[PDB]
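See below for the structure under consideration.
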Amino acid sequence: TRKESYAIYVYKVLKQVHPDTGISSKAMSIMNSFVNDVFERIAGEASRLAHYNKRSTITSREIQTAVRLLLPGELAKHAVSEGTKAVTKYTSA
Amino acid sequence: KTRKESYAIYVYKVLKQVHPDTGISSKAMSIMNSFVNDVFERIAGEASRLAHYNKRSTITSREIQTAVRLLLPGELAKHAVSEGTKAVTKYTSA
Amino acid sequence: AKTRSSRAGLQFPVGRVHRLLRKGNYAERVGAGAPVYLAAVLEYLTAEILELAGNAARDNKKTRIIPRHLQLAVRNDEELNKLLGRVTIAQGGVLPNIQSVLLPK
Amino acid sequence: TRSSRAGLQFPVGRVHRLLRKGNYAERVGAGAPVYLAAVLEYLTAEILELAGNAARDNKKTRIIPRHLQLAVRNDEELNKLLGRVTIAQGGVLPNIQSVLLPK
Amino acid sequence: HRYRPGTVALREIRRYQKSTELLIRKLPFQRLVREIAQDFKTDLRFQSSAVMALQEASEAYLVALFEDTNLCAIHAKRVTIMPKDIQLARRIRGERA
Amino acid sequence: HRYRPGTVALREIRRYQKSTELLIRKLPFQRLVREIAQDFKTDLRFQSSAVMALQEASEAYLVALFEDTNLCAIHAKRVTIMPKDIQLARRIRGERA
Amino acid sequence: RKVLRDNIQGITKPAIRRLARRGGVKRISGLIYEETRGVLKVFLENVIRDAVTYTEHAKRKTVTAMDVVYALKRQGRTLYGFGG
Amino acid sequence: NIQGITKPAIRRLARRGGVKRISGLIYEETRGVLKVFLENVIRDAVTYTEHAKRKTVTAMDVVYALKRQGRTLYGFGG
Amino acid sequence: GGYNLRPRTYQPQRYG
DNA sequence: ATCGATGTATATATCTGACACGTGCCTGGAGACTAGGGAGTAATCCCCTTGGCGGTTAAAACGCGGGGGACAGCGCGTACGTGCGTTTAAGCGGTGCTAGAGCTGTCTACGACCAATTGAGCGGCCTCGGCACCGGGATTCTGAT
DNA sequence: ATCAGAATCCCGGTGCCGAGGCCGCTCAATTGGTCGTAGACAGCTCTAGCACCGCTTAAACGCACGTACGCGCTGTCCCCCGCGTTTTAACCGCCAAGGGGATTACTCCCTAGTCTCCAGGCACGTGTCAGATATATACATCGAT
Ligand SMILES: [Mn+2]
Ligand SMILES: [Mn+2]
Ligand SMILES: [Mn+2]
Ligand SMILES: [Mn+2]
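Chains as they are written, first to last, in my numbering: chain A, 423 to 515; chain B, 4 to 97; chain C, 107 to 211; chain D, -15 to 87; chain E, 3 to 99; chain F, 3 to 99; chain G, 208 to 291; chain H, 2 to 79; chain I, 14 to 29.
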């Protein structure tokens, strides 16, 4: 049965930060579980954000303000930097 | 002005059933209204994940019942399940 | 019977709970028995607290339930305390408790 | 693909679907999946950067769960983000209390 | 007339455990909130109930912390709470590393 | 020869804090899991990954508990952990009433 | 406007003392008062940082009671009596 | 059956926890604490299994139970 | 790559 | 500080299974396109937040004197660590059996969606009695003689 | 063992406003009908979990010794408590003004929805190098002298 994961995506990220390194199946599931947990934690905060403000849409602004609530200060500062960069680049292309 | 909803009338009905000669202050009623919304979100939130875990798109009385067993302590869950099952069968007959 | 709360023998509004579930982004569809069950559980827990708070209000020789009475009820019942272990009741105070080693002879 | 248009390695398309079928809101606006995919890609890059360093310090080329635990528990902020999280087969940091050492 | 050291403290413990009023003065606490919030973003206003909700939550946190702190002092065969009792309490309940 | 008491004890701490393997035998732990599960529902089966998931969480819970337990003993000017230290850690954690 | 300065000292020594009395504390060390001010400042920073973040997301200049209640619930310190 | 958690097994867990000297009554206190932990997690895991109408407790039921107990676990799915 | 990684990894100071 | 030795750490010789890659099938993502509503935006009223003043006084602050708790010192008893020899069971390799998990097809029971209907539920106004507040007095008890 | 200053408990009277009630306006829930798909069901399949076995051995076990750690007692020191007096500003009430929270009305663009096309992503299948294993040495290190 076709099961999905983030395995092929953390490899492409691993090869950009450390091209001459690998990762075991045990550590791969840990990375896979890490992405899903942070995905749910961010999307859950963004859901409450839209509900608190009587709005029906989760846009990039709800994702940003959810990152500032969940990630620690120095991690959140660079995450917004990565988020805002990809959005403006996605709009230009 | 703005029409703001609340559980004030329904908490006041239950209070008179239990203590007919007892009232509640504005602050205490706000605390009760905060209690209901919290438990509402907890139960509905757990029932929401129960449907997602089983690839379902419907929150029925079975999901809410399972959410009660997970959240409420021992005796509270046993009685709350008795109240819900009694109500849902009474609702089906009418 | 007209309202869905009367068909279920409940005091809490089944119609309002049904709307909140649908407009709360919990699932794509909501069963007909979910708001009945949930409003019944919310009525039982509300009754359980108002029973103990009313007694506390009577023990303090008062007619109206204040936040203090809600605190004495929750914190003295083990089951309610576990349910609200990470909850703060405004103007509730604390339970009278003094450690034994602090007491004189 | 929307991942290349955003310059991301993580699937912008898969994130957009998971936001829809996750019952987070009635509608999911564009850019929100590319923003979230970029944030998830950044955080994975931050952990793999510090875990890969832990592997090189432990004289290994493949990252094991131990290298992930060393990378998170030694970073002040990854430890705070993953405070209530247990990493399997990660062990603990070497920490002996000073009053337990001999004189 | 003079009371022995300890009888007035135990009297105050009984006094403030029977009551529910806030123990921090309103105006000093409100200025502290505005000062801390001003460092996050300037030109901020507060609803009167928003500050009260902060004081209701802060005082309830400190009282609960003073309980776990008192247990740490009694655990070390002491009656006085010391800064190391507060830090141990904050470490065990997960607020510190 | 013979090592003084506490010499190899610190050696074991450095040995087990350096490794990541499980420290409880898997079969006695698996029988304990099936015994407790039998009291909630009968005729239950367990996946291999399901039992290993419980063991990874149970050991990581206890190891973190001994870290808090050890700090309570040091707080009382002791180096031996005692039941009163575990009870204080779980009380401050909020697990024990 | 007036410049706010050194308001952590507003939490006087007797105010910290009353909070400890309600906590069932008999004797108090002299260094507790500065430690409590540091703990409270750290507590207020985390709650206000999230509260004003909700205020910023709502495009408002006023911190509402709901902003504080939503923030306390995030921290795991749910509060009753002010909304929600 | 609870005695399967032997004394040297508890000592190894404490050694990883940085404990140098262990009392005698710790082992019976540890078995009771471990039992209360497994009781709370397996109760929720079986609840997830009963809701799925299954007779085999899967690893996801364990991961879901640990999550709501505040003991989130990585590496076993989810 | 294009990741704006923070250059400093501070160690969390623990009790004792 | 010196010396014998004891467990630990490094080296490199060789073996194996998990990793990383390759192949092709396929299903979810993307491009093209229509429809409507959520919300962006400009307009507007009034709620309530901020600011200031003084009269009042409970509370904060500082200093005094000493009682009792912090804690360092210390002796005694014993509980726990180290370790050698005895007993137990778990881990591994290998095989057999089927419960049950899972996946594919089929039909209806159920719930989203929509339009006309109407009273449950809310805000606004009103009134008194629960209880907050003031001041008198009876009781308890802790500390002095 | 007695007696007085303190605080707390308490008792009647008084005055203020918040709760509980009434009334009528409005919006959300009820009613009834159709459409469509999720979910319940049944049949087939095969994966995974369970069961039984005996060999080698690492692990649990138990006993024995003697240490040094836990803990009870003492005594010295000074810190923190209780209190009177002086100082400070919180609290209350009352007023001013404007900014921004909340309601409101109109146009659109952004996204859900549907359809056709195709490659990104996954199962599988297989070879190879990372690393698990280990023996002998190297060396960091503890206890006896
Ligand atoms: Mn400032
Ligand atoms: Mn020397
Ligand atoms: Mn609108
Ligand atoms: Mn204006």
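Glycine is no exception: its CB is placed at the ideal position from the N, C-alpha and C atoms.
Determine, using beta carbons only, whether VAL439 (chain A) and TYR16 (chain I) come nearer to each other than 8 Å. yes
Any residue with its C-beta under 7 Å from a non-hydrogen atom of ligand 1 counts. Can you list them all in chain order? E:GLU37, E:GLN40, E:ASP41 and G:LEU211
Does the CB of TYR65 (chain H) have a neighbour CB from chain D at under 8 Å? no
Can you tell which of A:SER446, A:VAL457, A:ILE452 and A:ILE445 has the C-alpha that lies nearest to the C-alpha of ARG(-2) (chain D)? A:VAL457
Show which residues of chain B have a CB atom less than 9 Å away from the CB atom of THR59 (chain H). Those do not exist, as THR59 (chain H) stays about 10 Å from chain B at its closest Cβ, beyond 9 Å.
Anything in chain C within Cβ reach of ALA9 (chain D), meaning under 8 Å, just list it in chain order. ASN131
Below 8 Å on the Cβ atoms is my guess for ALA75 (chain E) versus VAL275 (chain G); work out the distance and round it to an integer in Å. 32 Å between Cβ atoms; not a contact.
Output, in sequence order along the chain, the residues in the segment 44 to 68 of chain B whose CB is closer than 7 Å to any CB in chain H. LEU53, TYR56 and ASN57
Using 8 Å as the limit for Cβ to Cβ distance, is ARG46 (chain D) near chain H? no
Distance cutoff 8 Å, beta carbons only. Does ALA179 (chain C) sit that close to anything in chain G? no
Under 9 Å (Cβ pairs) to chain D, residues found in the segment 15 to 26 of chain F: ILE15, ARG16, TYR18, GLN19, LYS20, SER21, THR22, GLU23 and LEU24
When you compare only the Cα positions, how much space is there between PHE(-6) (chain D) and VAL35 (chain E)? 41 Å
If you run the structure through DSSP and keep just helix, strand and coil, what is residue 81 (chain H)? No information on residue 81 (chain H) is available, as it lies outside the stretch 2 to 79 that chain H covers here.
Reduced DSSP category for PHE48 (chain E) - H, G, I as helix; E, B as strand; rest coil: strand
Please compile the residues from chain I whose C-beta is within a distance smaller than 9 Å of the C-beta of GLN89 (chain E). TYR28
Enumerate in chain order the residues of its own chain whose CB-to-CB distance from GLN68 (chain B) is below 7 Å, with the five nearest sequence positions on each side excluded. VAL84 and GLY87
If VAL435 (chain A) sits next to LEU77 (chain D), beta carbons under 8 Å apart, how far is it from one beta carbon to the other, in whole angstroms? Not quite, the Cβ-Cβ distance comes to about 25 Å (not below 8 Å), so this is no contact.
Can you tell me the Cα-Cα spacing of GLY75 (chain D) and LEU74 (chain H), whole angstroms? 13 Å
In the DSSP assignment, find the unbroken beta strand (DSSP E) run with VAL23 (chain D) in it and report its ends. Per DSSP, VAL23 (chain D) belongs to no beta strand (DSSP E); it is in the alpha helix (DSSP H), 16 to 41.
Buried versus exposed, by CB contacts within 10 Å (16 or more), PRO221 (chain G): exposed
Please report whether the beta-carbon of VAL207 (chain C) lies at a distance below 8 Å from any beta-carbon of chain B. no
Could you tell me the distance, in whole angstroms, from the CA atom of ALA35 (chain D) to the CA atom of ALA162 (chain C)? 57 Å
Check whether chain F comes within 8 Å of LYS8 (chain H), counting only Cβ atoms and requiring the distance to be less than that. no
So that I know if they touch, is there some Cβ in chain G lying closer than 8 Å to that of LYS30 (chain B)? yes
Once DSSP output is grouped into helix, strand and coil, what is the label at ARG22 (chain H)? strand
Please name the residue in G:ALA272, G:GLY230, G:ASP213 and G:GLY217 whose C-alpha comes closest to that of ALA11 (chain E). G:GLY230
Determine which residues of the segment 437 to 451 of chain A have a Cβ less than 7 Å from any Cβ of chain H, and write them out in chain order. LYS448 and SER451
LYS448 (chain A) vs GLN53 (chain D) beta-carbon contact at 8 Å: no
Assuming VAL18 (chain D) and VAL(-4) (chain D) are in contact, meaning their beta carbons sit under 8 Å apart, how far apart are those beta carbons, in whole angstroms? 5 Å
At 9 Å on the CB atoms, spell out the chain G contacts of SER37 (chain B), in chain order. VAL276, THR285, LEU286, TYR287, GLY288, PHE289, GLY290 and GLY291
Cβ of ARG69 (chain H) less than 8 Å from any chain B Cβ? yes
Where DSSP assigns a beta bridge to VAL509 (chain A), which residues make up the other side? BP columns for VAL509 (chain A) are empty, so no partner.
Any beta carbon from chain E within less than 8 Å of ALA62 (chain F)'s own beta carbon? no
Tell me the DSSP secondary structure of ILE48 (chain D) in three-state form. coil
Quick check on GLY444 (chain A): does DSSP put it in helix, strand or coil? strand
Please state if the CB of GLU134 (chain C) and the CB of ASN7 (chain D) are separated by a distance shorter than 8 Å. yes
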